[PDB]
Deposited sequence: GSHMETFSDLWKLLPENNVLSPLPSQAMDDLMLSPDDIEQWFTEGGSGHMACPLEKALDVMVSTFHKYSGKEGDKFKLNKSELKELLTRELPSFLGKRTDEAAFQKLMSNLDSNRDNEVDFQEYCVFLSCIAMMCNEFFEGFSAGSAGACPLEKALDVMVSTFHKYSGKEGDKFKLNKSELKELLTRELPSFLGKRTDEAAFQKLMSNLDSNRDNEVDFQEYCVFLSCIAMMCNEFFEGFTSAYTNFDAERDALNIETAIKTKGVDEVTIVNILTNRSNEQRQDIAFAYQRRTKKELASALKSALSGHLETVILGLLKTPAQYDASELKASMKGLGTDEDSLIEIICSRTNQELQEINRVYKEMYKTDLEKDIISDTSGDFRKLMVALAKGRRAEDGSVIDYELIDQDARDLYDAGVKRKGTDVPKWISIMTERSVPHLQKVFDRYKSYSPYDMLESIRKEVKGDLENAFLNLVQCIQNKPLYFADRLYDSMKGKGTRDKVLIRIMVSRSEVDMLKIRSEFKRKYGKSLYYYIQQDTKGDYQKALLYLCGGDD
């Protein structure tokens, strides 16, 4: 019973030392292809098991860290989860202030937990193993539970043997003993033990991180070969195609497509299109397309035809950011030899055309450091004066203020608008506009206020009725699996009482269900 003393007990966190003190040949560890070594491997792999789910593959976001704490660290229970004290713990783990926990502060956190208890399940087991290994030698010769130089040498020899080079002249061993002797007591305290384990883990990470990031046994040629045999089997092994494809990053899928094409001179996309059936074909082909390529193809689909798919166009042009939109524009010009803006102008008209065009330019101001309070208030009052206060609506003013301002500024703008208008921004949109413009504005504002909640809503909408709107469900499951899918699951389960996993289960069956569930990631 102690989560209440977990966001606080974490001191001033203060690799050079790792590879400098007792350097191990970079060629030695690169030509490099035991309970404590198993524990270190578990500690290092658990981090990447979550850091690579979304965004930066090497740092944890709040969602990823919450998932990790919940899955791998149920040892502490208390009042289940929280949101203020957990935010405090996330901010105390963030020594860099990048709003993300990287591997170094993750190691700081693990060291702090280990010092605490020094008085799934894998990682808890690794912590118990660290404590047990340290105190088996500490409580031997010399001070009780204080590593004496002799017992330190024994523990370093027959507990972590892999990291010791082939030759360990007594001079280098004593040099390492001295380097470890930070507190200058001639022995080793449990804190020095934890800092040494942190240095080893960070070395292992630098090996993993950067190059040879296939340390997760990722071989693109192996996957290409397995899926080629899965195509070339009786009735097609769709299970293996899914199990593999839908469990690699978009980049890993690019590498696998390249490997397949080099091995068979047939593009993986074409092979799986000619060898796949229906919605599973749609999921897989969307998963093969790179993000920008997928989005550009979806925009084209929504526009290419007699009419227009307002809903999908709206979703994509209102949920994509400036960088995403620039990449999408250029990929569009490549793929279809025409500008996305040109097709947007040719397929829509009026204020809806204006709003779509404006948003698609990806020229929204970037999130600034200063809060422009006077501008927040001026913009809220301008929105009120142009919409609810008057007869009619000044659509150009709304367009300007909602496409050009940043997102946090606009969130403040909306909370201020709530101070002048009795109807909030969504309600005011419903009251002042109609049709495609109204739907676009509702989407834009939902994206500006809470994008994971927005996608959780679109998913509930796709799955609540008779059957499914597989197009939308699939596009959200594909496009948000490596971005904010964890927060999407969080909001979905907050609002609708059941996990997105559960609604996927209930609405789709078969291998298509399994592909969607994999892209989901798990329950809740």
| property | result |
| --- | --- |
| Regions left out of the model, expressed as runs of the deposited sequence counted from 1 | 1-4, 19-23, 43-51, 138-148 |
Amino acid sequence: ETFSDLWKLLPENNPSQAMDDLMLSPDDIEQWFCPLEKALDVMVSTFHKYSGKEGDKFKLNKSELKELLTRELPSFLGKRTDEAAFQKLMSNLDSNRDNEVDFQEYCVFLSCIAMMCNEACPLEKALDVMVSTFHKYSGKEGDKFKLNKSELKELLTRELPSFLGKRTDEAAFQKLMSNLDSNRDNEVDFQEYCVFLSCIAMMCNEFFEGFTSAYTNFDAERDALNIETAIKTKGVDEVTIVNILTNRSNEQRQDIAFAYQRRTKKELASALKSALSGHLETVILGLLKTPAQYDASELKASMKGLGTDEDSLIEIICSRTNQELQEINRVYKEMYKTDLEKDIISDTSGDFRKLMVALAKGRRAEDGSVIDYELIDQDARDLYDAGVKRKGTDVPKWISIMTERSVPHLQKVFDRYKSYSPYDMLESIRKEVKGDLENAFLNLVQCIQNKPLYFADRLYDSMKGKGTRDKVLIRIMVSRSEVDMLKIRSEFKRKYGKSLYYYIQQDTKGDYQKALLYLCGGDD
From here on, numbers count along this sequence of modelled residues.
item	value
288-296 set against 197-205, stretch whose average Cα temperature factor tops the other in the entry	197-205
437-445 versus 178-186 - which carries the larger mean C-alpha B factor in the record	178-186
Out of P396, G78, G392, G278, highest CA B-factor residue	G78
Highest recorded Cα temperature factor - choice among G142, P452, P408, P422	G142
Relative C-alpha B-factor of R253, binned into the chain's lowest, middle or highest third	middle
Cα B factor band for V131 (lowest, middle or highest third within the chain)	highest
Chain-wide C-alpha B factor ranking for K38, given as lowest, middle or highest third	highest
CA B-factor placement of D20, once the chain's modelled residues are sorted into thirds	highest
Lowest, middle or highest third - CA B-factor, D511	middle
